[PDB]
Amino acid sequence: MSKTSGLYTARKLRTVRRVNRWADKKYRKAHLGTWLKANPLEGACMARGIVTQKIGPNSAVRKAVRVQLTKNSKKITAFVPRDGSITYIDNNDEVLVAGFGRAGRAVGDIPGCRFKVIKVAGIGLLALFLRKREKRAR
Amino acid sequence: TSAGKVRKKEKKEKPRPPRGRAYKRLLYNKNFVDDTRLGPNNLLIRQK
Amino acid sequence: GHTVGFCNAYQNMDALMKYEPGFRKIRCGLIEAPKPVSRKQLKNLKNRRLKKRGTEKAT
Amino acid sequence: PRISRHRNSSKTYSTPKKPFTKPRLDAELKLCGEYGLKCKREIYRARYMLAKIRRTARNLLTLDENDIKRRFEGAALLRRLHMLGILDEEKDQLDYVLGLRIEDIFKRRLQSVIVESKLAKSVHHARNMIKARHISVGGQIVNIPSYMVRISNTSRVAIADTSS
RNA sequence: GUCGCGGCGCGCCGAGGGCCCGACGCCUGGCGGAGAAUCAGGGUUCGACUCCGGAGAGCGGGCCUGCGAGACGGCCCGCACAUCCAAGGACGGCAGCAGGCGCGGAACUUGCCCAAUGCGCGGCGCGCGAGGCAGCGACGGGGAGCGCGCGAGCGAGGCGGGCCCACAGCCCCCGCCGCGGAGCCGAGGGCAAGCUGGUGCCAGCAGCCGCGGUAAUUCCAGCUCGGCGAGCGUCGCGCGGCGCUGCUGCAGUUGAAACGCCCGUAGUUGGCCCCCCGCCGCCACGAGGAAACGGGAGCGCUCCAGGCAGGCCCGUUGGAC
RNA sequence: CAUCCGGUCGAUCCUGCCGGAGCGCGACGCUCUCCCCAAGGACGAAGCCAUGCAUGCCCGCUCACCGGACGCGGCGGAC
Ligand SMILES: [Mg+2]
Ligand SMILES: [Mg+2]
Ligand SMILES: [Mg+2]
Ligand SMILES: [Mg+2]
Ligand SMILES: [Mg+2]
Ligand SMILES: [Mg+2]
Ligand SMILES: [Mg+2]
């Protein structure tokens with residue numbers, strides 16, 4: 001009918017699928033190569049960087065920081081979620097930055113933020129916000 | 001102005017639950033053998 | 001309750017002396033065990049000896 | 001490389017695709033109560049075993065009765081099931097296998113045979129006795145609660161001759 | 001010339017070969033296969049690493065010995081690094097085992113021994129960072145346990161003896177004394193699980209919808225409760241979810257989508273009929289060719305993850321397929 | 001071992017995407033009673049290397065010393 005169905009027509013089917021499977025946004029983003037080069041994390045679970053400045057229908061200002069990745073030298077912003085953790089981060093402190101739940105895209109009402117802060121001076125943020133450990137060495 | 005401005009009772013020293021499998025046994029008599037529903041404020045008024 | 005093992009009965013002691021893992025002989029009341037020497041020092045000695053030339057009985 | 005690299009290994013249990021489902025939770029708790037089960041990995045192991053049996057039975061059933069592979073595999077499966085006691089002796093058709101349930105698996109546990117012999121006051125009492133090493137399966141003492149007993153040894157599970 | 005065929009090299013002659021059934025060129029964070037992950041069936045992604053094969057030993061070349069090497073724990077040269085010098089000279093290649101610097105989100109002892117499995121030499125043995133044993137080890141997988149009962153019992157733990165071990169441990173057996181310990185998430189819906197005090201669109205929560213502008217069922221604390229469990233949660237990737245890549249098995253009037261129309265080559269598709277011959281496809285059987293993994297017959301490592309054992313009067317005990 | 005759920009509206013049915021629910025591979029945080037098996041500097045740095053070790057053996061050739069040295073020779077070092 002619309003599609004080919006002859007007994008000697010596998011080549012055309014393979015070619016058609018090869019051509020048409022590039023139309024999916026997800027497949028493109030995963031197999032095209034542009035995102036991997038444009039992603040400052042280069043496919044890594046999380047990165048180690050250096051902070052350099054603190055900044056911050058809902059009308060609540062969210063606290064974040066500007067960071068520069070050691071291995072990449074490009075600039076990004078990562079947002080420190082847990083309450084009272086602004087004071088736990090000081091200018092020019094080594095940090096480890098991961099991603100939000102949605103890879104690539106922004107999450108929530110925060111404009112222009114796509115990362116998270118999970119470690120400072122080598123201590124997990126969660127372990128410090130609950131007072132399990134302490135940052136007396138810095 | 002000061003973050004953490006919003007962020008005392010002594011803990012009520014009561015015996016620990018029976019851990020292990022006994023915890024399951026504790027639930028078994030909790031609702032089936034012992035009278036139930038759960039969640040009303042007035043129910044806690046009975047408990048107090 | 002149950003323990004199983006293997007035996008080994010030899011016709012004469014000399015046959016045993018010839019045919020018997022050495023450490024088994026030490027475990028049994030057969031021979032005394034001299035103090036072993038670490039193979040590391042042997043290797044070092046062999047290398048140093050290989051270094052020198054001609055007559056090397058010195059070390 | 002080391003010889004340790006050739007040692008095989010695999011898992012033995014599965015987890016439900018939908019975790020939060022009230023009827024399943026209640027049924028699993030009820031089964032734990034009637035069998036005094038520790039955690040929920042044992043039920044998963046039981047379901048794994050049952051799934052294997054059912055899949056084998058299905059594959060054999062699709063084939064013809066006079067298929068040599070069918071005869072061989074069905075005979076082996078029936079012999080194993082009967083020797084375990086999970087399936088009744090009077091049944092020897094592969095069709096009956098599909099109707100088996102995990103409860104029949106539970107009934108052949110060491111605690112089960114211990115209790116139905118009236119040797120113990122309860123499943124929990126049976127487990128605690130098993131731990132202390134007062135039981136001589138066959139002629140050998142066993143301290144594994146989940147040890148499964150075959151038919152030929154059910155009459156031979158006794159109290160340890162060494163226990164106080 | 002080569003062990004040797006050959007444009008392999010040279011001389012002469014002719015012109016030719018490949019291509020939409022995709023040449024040539026460019027890219028690859030490209031070793032390949034046996035296989036791994038996922039799960040109705042059809043499939044998608046990965047395949048450094050255990051076994052087989054290929055290539056390399058800082059980059060690029062050359063060569064001797066030898067049956068066998070264009071070898072690097074063999075030599076010579078150039079290049080880039082490096083070291084010692086009583087300054088004239090000399091010397092080096094851990095992608096071998098440990099160890100160190102750097103890098104990164106990311107990965108262990110500068111231990112003992114050839115007793116086992118094999119290799120070289122050789123007669124009653126030697127050597128082997130191959131290989132084995134131990135140390136660290138929540139990548140991870142399997143088996144038990146923080147009680148039962150109105151009192152007894154029993155673990156882990158220590159002290160000594162066995163057994164085992166190249167020596168030591170460790171499992172297990174035996175006598176004496178006998179530490180009982182659960183955390184990680186969440187309670188509006190998806191999604192199983194509710195009481196006061198604070199703050200007031202601030203601070204904050206929130207994968208999505210949303211909460212918070214005075215009862216906040218969602219933030220911060222207490223009580224209570226739920227899930228899993230010696231494990232729990234977070235981040236990124238792959239499979240499934242997905243009949244949202246559709247061969248099985250999508251849609252195309254109006255949601256995104258029938259070229260403005262005709263001719264037409266490669267390509268794909270082609271009515272009916274002959275009773276037995278030959279050829280292609282097709283179906284079944286068979287040979288031949290590696291194991292491990294996978295499936296699977298049998299065997300109570302106390303069960304199990306596993307392993308190919310083991311009992312006495314064993315198919316020639318078995319390890320089938 | 002053939003499964004779905006919430007979100008466009010004043011309400012309703014669709015298309016369509018977003019998010020949730022499982023498995024595996026790794027990294028991070030918390031925590032940890034006992035036993036058994038067990039991977040372990042591969043992740044666009046085939047980057048750089050102190051220290052120590054990783055290939056020797058012996059049948060022939062003894063006026064060497066009191067035959068064991070050493071060296072010639074053979075095998076191997078292309079596994
Ligand atoms: Mg490459
Ligand atoms: Mg290889
Ligand atoms: Mg080579
Ligand atoms: Mg070379
Ligand atoms: Mg080298
Ligand atoms: Mg070499
Ligand atoms: Mg349209």
# chains A, B, ... in the order shown; residues from 1 in each chain; ligands from 1
>>> residues_near_ligand(ligand="ligand 3", cutoff="9 Å", atoms="only C-alpha atoms (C1' of nucleotides) and all ligand atoms", output="PDB file with N, CA, C and O atoms (P, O5', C5', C4', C3', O3' and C1' of nucleotides), in the first residue's frame")
ATOM      1  P     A E  55      50.365  -8.749  13.157  1.00  0.00           P
ATOM      2  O5'   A E  55      50.307  -7.336  13.883  1.00  0.00           O
ATOM      3  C5'   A E  55      49.971  -6.166  13.160  1.00  0.00           C
ATOM      4  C4'   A E  55      49.963  -4.954  14.050  1.00  0.00           C
ATOM      5  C3'   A E  55      51.217  -4.738  14.878  1.00  0.00           C
ATOM      6  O3'   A E  55      52.254  -4.108  14.151  1.00  0.00           O
ATOM      7  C1'   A E  55      49.312  -4.499  16.249  1.00  0.00           C
ATOM      8  P     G E  56      53.773  -4.229  14.647  1.00  0.00           P
ATOM      9  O5'   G E  56      53.818  -3.346  15.968  1.00  0.00           O
ATOM     10  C5'   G E  56      53.807  -1.933  15.886  1.00  0.00           C
ATOM     11  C4'   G E  56      53.796  -1.296  17.250  1.00  0.00           C
ATOM     12  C3'   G E  56      54.974  -1.630  18.149  1.00  0.00           C
ATOM     13  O3'   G E  56      56.120  -0.848  17.863  1.00  0.00           O
ATOM     14  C1'   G E  56      52.962  -1.862  19.365  1.00  0.00           C
ATOM     15  P     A E  57      57.586  -1.366  18.268  1.00  0.00           P
ATOM     16  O5'   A E  57      57.781  -0.839  19.756  1.00  0.00           O
ATOM     17  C5'   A E  57      57.464   0.504  20.095  1.00  0.00           C
ATOM     18  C4'   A E  57      57.200   0.663  21.570  1.00  0.00           C
ATOM     19  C3'   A E  57      58.433   0.575  22.463  1.00  0.00           C
ATOM     20  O3'   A E  57      58.279   1.437  23.591  1.00  0.00           O
ATOM     21  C1'   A E  57      56.922  -1.143  23.042  1.00  0.00           C
ATOM     22  P     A E  69      62.487 -14.670  10.762  1.00  0.00           P
ATOM     23  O5'   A E  69      62.395 -13.748  12.055  1.00  0.00           O
ATOM     24  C5'   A E  69      61.226 -13.772  12.861  1.00  0.00           C
ATOM     25  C4'   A E  69      61.128 -12.574  13.769  1.00  0.00           C
ATOM     26  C3'   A E  69      61.476 -11.238  13.119  1.00  0.00           C
ATOM     27  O3'   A E  69      60.631 -10.206  13.631  1.00  0.00           O
ATOM     28  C1'   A E  69      62.904 -11.620  14.960  1.00  0.00           C
ATOM     29  P     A E  71      60.955  -5.059  14.776  1.00  0.00           P
ATOM     30  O5'   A E  71      61.519  -6.371  15.490  1.00  0.00           O
ATOM     31  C5'   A E  71      60.639  -7.394  15.942  1.00  0.00           C
ATOM     32  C4'   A E  71      60.971  -7.892  17.331  1.00  0.00           C
ATOM     33  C3'   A E  71      61.329  -6.823  18.367  1.00  0.00           C
ATOM     34  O3'   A E  71      60.769  -7.165  19.635  1.00  0.00           O
ATOM     35  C1'   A E  71      63.064  -8.414  18.237  1.00  0.00           C
ATOM     36  P     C E  72      59.356  -6.558  20.100  1.00  0.00           P
ATOM     37  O5'   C E  72      59.681  -5.045  20.481  1.00  0.00           O
ATOM     38  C5'   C E  72      60.221  -4.712  21.751  1.00  0.00           C
ATOM     39  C4'   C E  72      61.724  -4.827  21.750  1.00  0.00           C
ATOM     40  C3'   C E  72      62.418  -4.697  23.093  1.00  0.00           C
ATOM     41  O3'   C E  72      62.364  -5.897  23.847  1.00  0.00           O
ATOM     42  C1'   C E  72      63.595  -3.467  21.430  1.00  0.00           C
TER      43        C E  72
END
>>> interface_residues(of="chain D", to="chain B", cutoff="10 Å", atoms="only C-alpha atoms", output="compact mmCIF listing (two decimals) with N, CA and C atoms, in the first residue's frame")
# COMPACT_ATOMS: atom_id res chain seq x y z
N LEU D 29 2.28 -9.57 53.30
CA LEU D 29 2.31 -9.56 54.75
C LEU D 29 1.59 -10.77 55.32
N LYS D 30 0.45 -11.15 54.75
CA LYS D 30 -0.29 -12.31 55.24
C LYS D 30 0.54 -13.58 55.10
N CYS D 32 3.83 -13.75 55.00
CA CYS D 32 4.86 -13.67 56.02
C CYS D 32 4.32 -14.08 57.38
N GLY D 33 3.08 -13.68 57.70
CA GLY D 33 2.54 -14.02 59.00
C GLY D 33 2.25 -15.50 59.15
N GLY D 36 5.97 -16.80 58.89
CA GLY D 36 6.99 -16.17 59.72
C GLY D 36 8.22 -15.77 58.93
N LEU D 37 8.00 -15.14 57.78
CA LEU D 37 9.10 -14.83 56.88
C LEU D 37 9.82 -13.57 57.32
N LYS D 38 11.15 -13.59 57.20
CA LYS D 38 12.00 -12.48 57.62
C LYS D 38 11.73 -11.25 56.77
N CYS D 39 12.24 -11.24 55.55
CA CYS D 39 12.07 -10.12 54.62
C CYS D 39 11.35 -10.62 53.37
N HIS D 124 7.82 -19.25 64.62
CA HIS D 124 8.88 -18.49 65.27
C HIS D 124 9.68 -19.37 66.23
>>> atom_distance(atom1="atom CA of residue 136 of chain D", atom2="atom CA of residue 4 of chain C")
20.3 Å
>>> residues_around(residues="residue 30 of chain A", least_positions_apart="6", cutoff="12 Å", atoms="only C-alpha atoms (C1' of nucleotides)", output="ChimeraX atom specification")
/A:22,24,36-37,39,43,103-104 /E:237-238
>>> select_by_dssp(residues="chain C", states="helix (DSSP H, G or I)", output="PyMOL selection string")
chain C and resi 13-18+22-27+39-51
>>> write_last_selection(atoms="N, CA, C and O atoms", output="compact mmCIF listing (two decimals), in the first residue's frame")
# COMPACT_ATOMS: atom_id res chain seq x y z
N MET C 13 61.36 -47.48 54.85
CA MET C 13 61.60 -46.06 55.09
C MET C 13 62.33 -45.42 53.91
O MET C 13 62.03 -44.28 53.54
N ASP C 14 63.29 -46.13 53.32
CA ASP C 14 64.05 -45.56 52.22
C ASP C 14 63.14 -45.20 51.05
O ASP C 14 63.32 -44.16 50.41
N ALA C 15 62.17 -46.06 50.75
CA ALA C 15 61.18 -45.72 49.73
C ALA C 15 60.42 -44.46 50.12
O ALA C 15 60.18 -43.58 49.29
N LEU C 16 60.03 -44.36 51.40
CA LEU C 16 59.41 -43.13 51.89
C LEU C 16 60.37 -41.95 51.76
O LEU C 16 59.97 -40.86 51.33
N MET C 17 61.64 -42.15 52.12
CA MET C 17 62.58 -41.04 52.09
C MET C 17 62.72 -40.51 50.67
O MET C 17 62.80 -39.29 50.45
N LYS C 18 62.73 -41.41 49.69
CA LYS C 18 62.84 -41.03 48.28
C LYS C 18 61.55 -40.40 47.77
O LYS C 18 61.59 -39.39 47.06
N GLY C 22 58.73 -32.81 50.63
CA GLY C 22 59.63 -32.43 51.71
C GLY C 22 58.90 -31.90 52.93
O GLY C 22 59.17 -32.31 54.06
N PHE C 23 57.96 -30.98 52.72
CA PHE C 23 57.23 -30.39 53.83
C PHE C 23 56.42 -31.43 54.60
O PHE C 23 56.23 -31.28 55.81
N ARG C 24 55.98 -32.50 53.93
CA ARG C 24 55.35 -33.60 54.65
C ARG C 24 56.34 -34.26 55.59
O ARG C 24 55.98 -34.67 56.70
N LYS C 25 57.59 -34.39 55.16
CA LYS C 25 58.62 -34.97 56.00
C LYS C 25 58.85 -34.11 57.24
O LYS C 25 58.99 -34.63 58.36
N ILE C 26 58.87 -32.79 57.07
CA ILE C 26 59.01 -31.90 58.22
C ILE C 26 57.81 -32.02 59.15
O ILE C 26 57.95 -32.05 60.37
N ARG C 27 56.60 -32.08 58.58
CA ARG C 27 55.40 -32.19 59.41
C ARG C 27 55.44 -33.48 60.23
O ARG C 27 55.11 -33.47 61.42
N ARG C 39 64.11 -15.25 49.93
CA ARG C 39 64.50 -15.27 48.53
C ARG C 39 64.91 -13.89 48.03
O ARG C 39 65.64 -13.80 47.04
N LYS C 40 64.46 -12.83 48.70
CA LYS C 40 64.84 -11.48 48.30
C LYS C 40 66.35 -11.29 48.39
O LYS C 40 66.98 -10.75 47.46
N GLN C 41 66.95 -11.71 49.50
CA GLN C 41 68.39 -11.57 49.66
C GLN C 41 69.13 -12.44 48.65
O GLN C 41 70.19 -12.05 48.15
N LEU C 42 68.60 -13.62 48.36
CA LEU C 42 69.21 -14.46 47.33
C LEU C 42 69.21 -13.75 45.98
O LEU C 42 70.20 -13.78 45.26
N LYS C 43 68.08 -13.12 45.63
CA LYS C 43 68.01 -12.41 44.36
C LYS C 43 68.99 -11.25 44.32
O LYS C 43 69.68 -11.03 43.32
N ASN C 44 69.08 -10.49 45.42
CA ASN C 44 70.04 -9.39 45.48
C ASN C 44 71.47 -9.90 45.34
O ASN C 44 72.28 -9.31 44.61
N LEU C 45 71.80 -10.99 46.02
CA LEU C 45 73.13 -11.57 45.92
C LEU C 45 73.43 -12.03 44.50
O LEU C 45 74.52 -11.80 43.98
N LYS C 46 72.45 -12.67 43.86
CA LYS C 46 72.64 -13.13 42.49
C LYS C 46 72.89 -11.96 41.55
O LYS C 46 73.78 -12.03 40.69
N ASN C 47 72.14 -10.88 41.71
CA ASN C 47 72.33 -9.72 40.84
C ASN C 47 73.69 -9.09 41.06
O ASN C 47 74.42 -8.80 40.10
N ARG C 48 74.06 -8.87 42.33
CA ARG C 48 75.36 -8.28 42.62
C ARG C 48 76.49 -9.14 42.06
O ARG C 48 77.44 -8.63 41.46
N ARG C 49 76.39 -10.46 42.25
CA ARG C 49 77.39 -11.37 41.71
C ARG C 49 77.47 -11.27 40.19
O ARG C 49 78.56 -11.22 39.62
N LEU C 50 76.31 -11.25 39.53
CA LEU C 50 76.30 -11.10 38.08
C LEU C 50 76.96 -9.80 37.65
O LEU C 50 77.50 -9.71 36.54
N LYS C 51 76.92 -8.77 38.51
CA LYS C 51 77.54 -7.50 38.15
C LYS C 51 79.05 -7.64 38.01
O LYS C 51 79.64 -7.22 37.01
>>> residues_near_ligand(ligand="ligand 2", cutoff="10 Å", atoms="only C-alpha atoms (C1' of nucleotides) and all ligand atoms", output="list in words")
residues 49, 50, 51, 52, 53 and 54 of chain E
>>> write_last_selection(atoms="C-alpha atoms (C1' of nucleotides)", output="PDB file, in the first residue's frame")
ATOM      1  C1'   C E  49      39.198  -6.368  30.041  1.00  0.00           C
ATOM      2  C1'   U E  50      38.918 -13.965  31.133  1.00  0.00           C
ATOM      3  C1'   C E  51      39.407 -17.500  25.331  1.00  0.00           C
ATOM      4  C1'   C E  52      41.109 -17.002  19.748  1.00  0.00           C
ATOM      5  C1'   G E  53      43.294 -13.637  16.288  1.00  0.00           C
ATOM      6  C1'   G E  54      45.911  -8.804  15.004  1.00  0.00           C
TER       7        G E  54
END
>>> residues_near_ligand(ligand="ligand 7", cutoff="8 Å", atoms="only C-alpha atoms (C1' of nucleotides) and all ligand atoms", output="number ranges by chain")
E: 254-257
